[PDB]
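Just one chain is shown here, as structure tokens, and it is the form deposited in one PDB entry.
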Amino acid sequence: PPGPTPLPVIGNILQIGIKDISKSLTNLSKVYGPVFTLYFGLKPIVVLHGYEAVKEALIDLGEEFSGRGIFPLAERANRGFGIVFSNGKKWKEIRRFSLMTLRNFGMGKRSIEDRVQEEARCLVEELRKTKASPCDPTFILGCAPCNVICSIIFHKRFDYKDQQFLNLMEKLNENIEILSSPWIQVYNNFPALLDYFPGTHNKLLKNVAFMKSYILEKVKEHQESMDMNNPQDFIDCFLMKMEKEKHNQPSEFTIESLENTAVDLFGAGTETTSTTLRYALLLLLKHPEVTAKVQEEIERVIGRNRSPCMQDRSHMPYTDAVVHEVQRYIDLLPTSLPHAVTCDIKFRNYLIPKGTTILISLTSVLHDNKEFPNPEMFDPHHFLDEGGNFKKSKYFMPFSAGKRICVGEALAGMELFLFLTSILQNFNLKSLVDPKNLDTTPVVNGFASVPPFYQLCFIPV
């Protein structure tokens, strides 16, 4: 498994960096091929680059590449396994369960779509409160996704002002700010620095503990008020799954793992959806041509009366294309989340030892040159055939693919569509600075992409 020969202790840091480490991977693939080795300090990593190599690993050899890889910082900042950081039987079981409860009608009488439709109405309520004045959408947009998860786990969304909510929001946001500081990377290359400067990770652990104890409060309220026969949320389902397991036992389902699975969902379900929404509005501000066509579809398919629903997406190929294009263009998780091989595998004549960390280049699939002609540009036609119909692609991998594919793929797509169509149905977007002037190019800091700062006005139609 070829790759640049590492220096004594610093590894390949001089070539990949700490900056846009995704750009370096693409450049490195031009010289070492689709399957190459990289060193983050002493740790050996295998990077998979093209669609062919990603498909082959994630799908063809799905089981073998279903392990979750964990870097030094993440390892020290995590106490307890839920779904995101889990491996083996613990992962397999908790994930299967979560996917089951996350079905549209997998948690009682009320559907996920319904909880998302209520939030969309509320999102609009809040944007109306801005009275069409210059606004930084970062906050409002972040509240909606967090609240959807709150609704799924507690059965009750919160008013955007409830203190419980703001505390939860604050911790989630604090953790992001920390994980998004460049220098975090120094820890991944030099794990010993964790012992010397523990401030970072002690803080993440603290924040997680705050959230766990807060969720514990909730599960305790749920253990009291629980009507087995009538589950209403993720907790109710978890609690009653524990009862199905009371007789088998040692068991993967515990209050501990419930707390861990709950925070994982808040963490994995908030930030990325939030950032995508913010990035979508920026792009819509930049391309009013595009926004006008999306509004044409809204006006014709959905009234201005009723609220959007998922049934409408099929009759809204342009909007669907715009949303797909937003995710494809922004490349939020350029290297997904680290994977690890489940066993000693032979891959494309290479030989990768059990436990080896695997980095999946989502960028390289999302920005494939043949599939998406001018990949670096925002163009909804990337998902439209000659007739204005939705043109799907197997290269559309923003949620990754295979056994570890985003558990919230359905939920996220539901939020993006309903929130965005709801916003554009009730408001027109006005930029203060003017379009031709603002830049939409992603800013990257470590292993996550984000948009630049901007403001806009939500003008009622």
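Numbers for residues come from their place in the sequence shown, where the first is 1.
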query = With respect to the recorded C-alpha B factors, which stretch has the higher mean value, 38 to 46 or 410 to 418?
reply = 38 to 46
ask   = According to the deposited model, is the average Cα temperature factor higher in 246 to 254 or in 291 to 299?
value = 246 to 254
message = For the CA B factor values reported in this entry, which option in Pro145, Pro334, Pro308, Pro182 has the top one?
response = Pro182
remark   = Listed options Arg103, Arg313, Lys391, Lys346: highest C-alpha B factor recorded at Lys346
task = Taking the chain's C-alpha temperature factors as the reference, tell me which third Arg404 falls into: lowest, middle or highest.
result = lowest
ask   = By its CA B factor, does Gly269 count among the lowest, middle or highest third of the modelled residues in the chain?
value = lowest
Ranked against its chain, the third holding the CA B-factor of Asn173 = middle
note = The third of the chain into which the C-alpha temperature factor of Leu194 falls is the highest
message = When the deposited Cα B-factors of this chain's modelled residues are ordered and cut into thirds, is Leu205 in the lowest, the middle or the highest one?
response = middle
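The same protein also has a form deposited with a small molecule bound, omitted here; what follows describes it.
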request  = Tell me the stretch among 311 to 319, 262 to 270, 128 to 136, 347 to 355 that has any heavy atom within 4.5 angstroms of the small molecule in the entry with it bound.
outcome  = 262 to 270
query = Would the small molecule be touched by all three of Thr26, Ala57 and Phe372 in the entry with it bound, meaning a heavy atom each within 4.5 Å?
reply = no
request  = Please run the contact check for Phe85 against the small molecule in the entry with it bound: heavy atoms, 4.5 angstroms, yes or no?
outcome  = yes
request  = Examine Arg79 and determine whether its closest non-hydrogen atom to the small molecule in the entry with it bound is within 4.5 angstroms.
outcome  = yes
ask   = For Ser257, is any heavy atom within 4.5 Å of the small molecule in the entry with it bound, or not?
value = no
ask   = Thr275: heavy atom within 4.5 Å of the small molecule in the entry with it bound?
value = yes
query = Which residue, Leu384, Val124, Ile140, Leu179, has a heavy atom that falls within 4.5 Å of the small molecule in the entry with it bound?
reply = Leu179
note = None of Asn175, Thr101, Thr342, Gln117 but one has a heavy atom within 4.5 Å of the small molecule in the entry with it bound; the exception is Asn175
